[PDB]
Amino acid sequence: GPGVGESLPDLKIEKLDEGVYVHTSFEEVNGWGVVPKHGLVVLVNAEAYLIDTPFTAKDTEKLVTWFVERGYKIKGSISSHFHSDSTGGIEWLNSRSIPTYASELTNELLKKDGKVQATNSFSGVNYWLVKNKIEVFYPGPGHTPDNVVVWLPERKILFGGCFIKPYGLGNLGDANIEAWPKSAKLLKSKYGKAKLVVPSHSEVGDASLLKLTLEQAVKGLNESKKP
């Protein structure tokens, strides 16, 4: 990229569907290496919504600038859970008067962590961030207590966030393996029609990713009985 030194990989902005872009950012995360984090930028008639933020303030300005530079007013940001791979750019967007959204639970968990909260918050299993266009859904505790997914109804796309772990559940300290199968069950129950499922840390797949995550969630409940 355009810098002066070694290389943590640059932010990626790739067009998924007609009004849906994927964004990938990368962070050193001890016990793992470079971790990729996928989010979405959803478009409505000249307005952009960040589904999750990049890891850092730095890539968040990057992502916002790209779309502002192509004619889009950044109309808001939804964080899918309180971990910094979804929330790490909330402070930047707050200082720029861009509405940041998170679930009431995400904001209290942000609070207990001493992190900056999203400015708006929603309470309840549902929340239309933009009615008939972006839907927030709470399948239940899993990756974290507060993790949510974001559904686009005219594209049948499902940002699963870190709740979707097709090939292994990953970091487990803040997780609820006992509740995760039930949420993964109820998630596929509602969004079986997912044409595309964008997870946080694995590449975009399809409806089976709901099936793959379900069966990985129940596999961790199995491994619970180790002694």
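Numbering starts at 1 and runs along the sequence shown.
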Name the higher of the two by mean Cα B-factor in the PDB entry, 48-56 versus 192-200. 192-200
Chain thirds of CA B-factor: placement of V22: lowest
Compared with the other modelled residues in the chain, in which third is the CA B-factor of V68? middle
Where the record places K211 (Cα B-factor, split into thirds across the chain): highest
CA B-factor placement of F163, once the chain's modelled residues are sorted into thirds: middle
Based on the deposited C-alpha B factors for this chain, I'd like to know if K219 is in the lowest, middle or highest third. highest
